[PDB]
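Notes for the one structure printed next.
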Amino acid sequence: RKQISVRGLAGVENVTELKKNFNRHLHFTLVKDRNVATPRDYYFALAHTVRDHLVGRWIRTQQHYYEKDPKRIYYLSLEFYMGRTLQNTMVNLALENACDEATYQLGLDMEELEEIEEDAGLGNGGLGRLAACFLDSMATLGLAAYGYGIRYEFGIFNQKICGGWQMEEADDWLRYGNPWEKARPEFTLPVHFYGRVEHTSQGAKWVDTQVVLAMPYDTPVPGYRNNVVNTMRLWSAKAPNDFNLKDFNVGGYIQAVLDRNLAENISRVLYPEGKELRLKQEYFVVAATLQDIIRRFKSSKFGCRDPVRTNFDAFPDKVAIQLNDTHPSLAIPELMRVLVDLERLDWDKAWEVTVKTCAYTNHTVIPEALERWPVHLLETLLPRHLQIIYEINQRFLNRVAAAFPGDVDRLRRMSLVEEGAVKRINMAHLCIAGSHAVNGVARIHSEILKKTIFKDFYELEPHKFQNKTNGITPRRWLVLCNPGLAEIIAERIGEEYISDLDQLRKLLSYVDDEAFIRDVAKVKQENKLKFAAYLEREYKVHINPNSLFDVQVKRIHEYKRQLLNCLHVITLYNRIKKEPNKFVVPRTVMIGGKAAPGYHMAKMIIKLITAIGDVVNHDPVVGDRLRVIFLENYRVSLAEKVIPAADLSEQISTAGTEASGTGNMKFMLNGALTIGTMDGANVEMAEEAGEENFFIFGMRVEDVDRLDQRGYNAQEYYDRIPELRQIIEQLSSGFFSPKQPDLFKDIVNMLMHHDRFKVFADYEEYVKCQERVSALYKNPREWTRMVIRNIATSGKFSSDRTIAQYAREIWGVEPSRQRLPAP
Amino acid sequence: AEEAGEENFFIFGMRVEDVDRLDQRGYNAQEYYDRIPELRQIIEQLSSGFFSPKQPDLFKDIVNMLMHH
Ligand SMILES: O=c1[nH]cnc2c1ncn2[C@@H]1O[C@H](COP(=O)(O)O)[C@@H](O)[C@H]1O
Ligand SMILES: *Cc1c(COP(=O)(O)OP(=O)(O)O)cnc(C)c1O
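Sequences listed follow chains A and B, in order. According to UniProt numbering, the first sequence holds residues 11 to 282, 288 to 838 in order. First residue of the second sequence? That's 701 in UniProt numbering, and the numbers climb one at a time after it.
Structure below.
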């Protein structure tokens, strides 16, 4: 027994040992040899050779949190946007050097190998990327943190561009498996659907329930050189498989073939209205998760530390639950259910624990997005939690009766049940009522939740409403994607910045130093050169590596206004044709996003964006002064490639629309200047960098409301501006579309008659901004120094701060960048 | 109208050539709500919850349609 120990298992940065474990895994774990090993085969042996170093400190970290028994906090989210783990695990584990040299000796190229890895299709967007930067920051500042959520077999779609129209292919990333996960079939948990509530004696008894088993997979997430490794636990669904003769449902009829597939694709598919599968997926993750949580509470040396019930009295001192958005919300009615029906606490003690346990992050601004479920759906599948949720509602509405007596209209505005045709339950109100801290995600966004969207809740409990501005992590989004900038920042100010980013302010002393200025412009020239190469080698175009690299990589929605940007590109076009010989700053405009299958404007937009570019990049007079490229199937591996290259960050959402914007911050950090409205994340980065160093432009949020007030009448603009009047007629006549003139007919009308986001309003000033942009560009030394002021001011946007603030201000635990002894 | 004669019919409103004009320039609803007082009045009855006292906010998507699209 005590001699079964982790101790003698690793002589790390040693090339001769890493060669050894390489050859162990290729052969013994993969049961392959060099005569038949593929690059995938060698990709997996390396994966595993690095993994052994991982699980060893998973080990040590997790032994250490059990001995030390800290507040350990469960980050629940239904999408974890991870993307490629190898280089990120090596750099974080300090193994990058010895592994590269090692594979160099084995005569394998590690970069060829690192591109075999499939982009972890657990996520889709922001909500998911945010979960992955937050898990990195929580390791680095050694928190006892767990990321929880479903395992999606099929990611979401992997896009293809066939003929300028978008095609969704599927991401079967788990095809040759995943070397970074450990299946734990041992810990498979039941999760019940449907049923009937038998109100028996001391309680209620949820009977006749269908079961779906949740089987968990574990994945390790390493810190920045601190030897803590934390866990990411993703759940997979498995139907019970008695379905053959055992149950006597069957024999006679196996039409409950359906049970087993309606269970299975809980885990299969990401999403992507009121569909029972979303609700079964969300409740799937909550239920499994919280049984793990209370399993670890009563086990984690607290089965010894009972004093009363193994009391839930001290549950909020050992658990923190973060409801990232309204997808986890049945965490509040499920933790009561367990506490109240299964253990036996009464409702007021059990409620005490829930509210002190639960905290809720909101990411939406428009009331039209907040999530809401029909009471007839919840009665059918969760009939017991409909009960609890009504009692939660009743008692909350008497609290509001305490506080504003006489009020009739707040009872009904504030309530969890919503009236109309289709009686709904408002999930955002559930969260506020059973959580002890509600937070937004950028200053303005948390204020307009306090001021308009949740205000009658802001009045009953103003204490609740916090804000914790998002962040990007410096490991993967500066060190990893950009070594060249990492390095030259390190010569000057040292390595602590990577685990302490505000001290990038130190850089501001080197503003006028020409060695920094030059070096800083050299690395971009490097980065652009290499990205220019990737744009030929994997996808194709003839980029001019000297051009101003204008990239917009955002979700193709109307409100994300890529169309704006298209009016501007067509503008540049028309000028280079009208005035063939005026000096124009050459640009390469790159736009990228996944449509959202079913959203027909977005499919029409990518079409515009390809054919503008079919026109201009082939037309002889524009030469190499302008090119427009669409960046296909934008995902995390492409972000770490094009964000290093970019000179201009295209952040143009109608103002008042964004809640924040994490690609914004990534771009700043790598010396890319921002053109952008005074919205979302742009505001505090303008505030850091100084507005002189930002390209702000277009109608501030005040002016939006004004324009709505009197009515946005787009024709007036058409009729003042002669460029605008012209590019509309070019779209319409078929100049961009000669085999189907009439194609952009529904984009032209939209803009012209019912633009809900006012593209035309900000058109004039947008391109005036753009002209500023190109000028400064044509002045290296002053271009390259704005960058330096921007990068140097990046401190407020490292996710290490966002978590440090979550830690102190909502969860109640202290940060620590201390290196656990280990390996 | 033509077999009865115009005089025997109550014809009205925007004829087509006019709707095509108001589209050519862009129908800005707001203007009409701000000339006409009784219009203002009913819009403001719809949003205040006059007709809807238990969920006042109920005809809000009607009211916004009317107002903005
Ligand atoms: O009581 C314990 N003492 C020491 N280490 C433990 C104990 N229970 C769990 N561990 C560690 O915790 C890891 C995770 O277990 P879980 O958190 O219960 O799922 C194991 O792989 C062990 O390293
Ligand atoms: C950072 C990031 C994101 C985040 O995109 P944004 O927050 O900038 O805005 P939306 O596009 O509107 O969500 C999404 N995808 C990847 C790959 C990435 O690195």
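We put the CB at the ideal spot given by N, CA and C, even for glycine.
Check, Outcome
"Could you check whether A626(A) and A617(A) sit closer than 8 Å to each other, using their CB atoms as the reference points?", "no"
"On the premise that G678(A) lies in contact with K569(A), defined as a C-beta separation below 8 Å, what is that separation, rounded to the nearest angstrom?", "7 Å"
"Tell me whether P232(A) is buried or exposed, calling it buried when 16 or more other Cβ atoms sit within 10 Å of its Cβ.", "buried"
"Just to confirm, does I463(A) get its C-beta within under 7 Å of one of the non-hydrogen atoms of ligand 4?", "Ligands in the displayed structure: ligand 1 and ligand 2; ligand 4 is not one of them."
"Buried or exposed, going by whether 16 or more other CB atoms sit within 10 Å of the CB of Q13(A)?", "exposed"
"For the segment 717-729 of chain A, which residues have a CB atom closer than 7 Å to at least one CB atom of chain B, in sequence order?", "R725, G726, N728 and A729"
"If we define contact as Cβ-Cβ less than 8 Å, is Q745(B) a contact residue for chain A?", "no"
"Whose CA, out of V60(A), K592(A) and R725(A), lies closest to the CA of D634(A)?", "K592(A)"
"Looking at ligand 2, does it come within less than 7 Å of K78(A), judged from the CB to the closest heavy atom?", "no"
"Between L739(B) and chain A, is any beta-carbon pair separated by less than 8 Å?", "no"
"In chain order, which beta strand (DSSP E) runs of at least 3 residues are fully inside the segment 563-644 of chain A?", "563-568 and 602-607"
"What does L758(B) reach in chain A if we use C-beta pairs closer than 7 Å?", "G435"
"How long is the line joining the alpha carbons of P282(A) and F253(A), rounded to whole angstroms?", "30 Å"
"Hey, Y733(A) and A776(A) are a contact pair by Cβ (cut 8 Å); roughly how many whole angstroms apart?", "Between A776(A) and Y733(A) the Cβ distance is about 12 Å, and since that is not below 8 Å, they are no contact."
"Residue range of the beta strand (DSSP E) that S524(A) falls in?", "First-last for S524(A): undefined, no H or E at that position."
"Give a single yes or no on whether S314(A) has its beta carbon closer than 7 Å to a heavy atom of ligand 1.", "yes"
"Looking at the strands, I want to know which residues DSSP matches up with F317(A).", "Note: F317(A) sits in no beta bridge, so no partner."
"Going by C-alpha distance, which of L105(A), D340(A), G435(A) and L199(A) is nearest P753(B)?", "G435(A)"
"Kindly indicate which three-state DSSP category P200(A) falls into: helix, strand or coil?", "strand"
"Using the beta-carbon count (16 or more within 10 Å), is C373(A) buried or exposed?", "buried"
"Rounded to the nearest angstrom, what separates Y574(A) and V774(A) at their Cα positions?", "9 Å"
"Mind checking whether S809(A) and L151(A) have CB atoms under 8 Å apart?", "no"
"Grouping DSSP H, G and I as helix and E and B as strand, with all else coil, what is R439(A)?", "strand"
"Is it a yes or a no for the segment 392-410 of chain A touching the segment 336-351 of chain A, going by three-plus beta-carbon pairs under 8 Å?", "yes"
"Taking the continuous alpha helix (DSSP H) assigned at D734(B), which residues delimit it?", "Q730 to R735"
"Are the Cβ atoms of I621(A) and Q176(A) separated by less than 8 Å?", "yes"
"So, helix, strand or coil for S831(A), using DSSP?", "coil"
"Could you check whether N542(A) and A704(A) sit closer than 8 Å to each other, using their CB atoms as the reference points?", "no"
"Taking just the CA atoms, how far does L495(A) sit from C109(A)?", "16 Å"
"Could you tell me the alpha carbon to alpha carbon distance between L550(A) and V556(A), rounded to whole angstroms?", "6 Å"
"Measuring only between beta-carbons, confirm whether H572(A) sits less than 8 Å from chain B.", "no"
"Can you name the residues of chain B whose CB is closer than 7 Å to the CB of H615(A)?", "Per Cβ cutoff of 7 Å: no residues; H615(A) is ~18 Å from chain B at best."
"May I have all residues whose beta carbon comes closer than 5 Å to any heavy atom of ligand 2, sorted in chain order?", "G135(A), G136(A), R139(A), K569(A), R570(A), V651(A), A654(A), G676(A), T677(A) and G678(A)"
"Report the residue from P343(A), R552(A), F598(A) and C581(A) whose alpha carbon sits nearest the alpha carbon of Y85(A).", "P343(A)"
"Is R94(A) close to chain B? Criterion is C-beta to C-beta, closer than 8 Å.", "no"
"Does DSSP put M225(A) in a helix, a strand or coil?", "strand"
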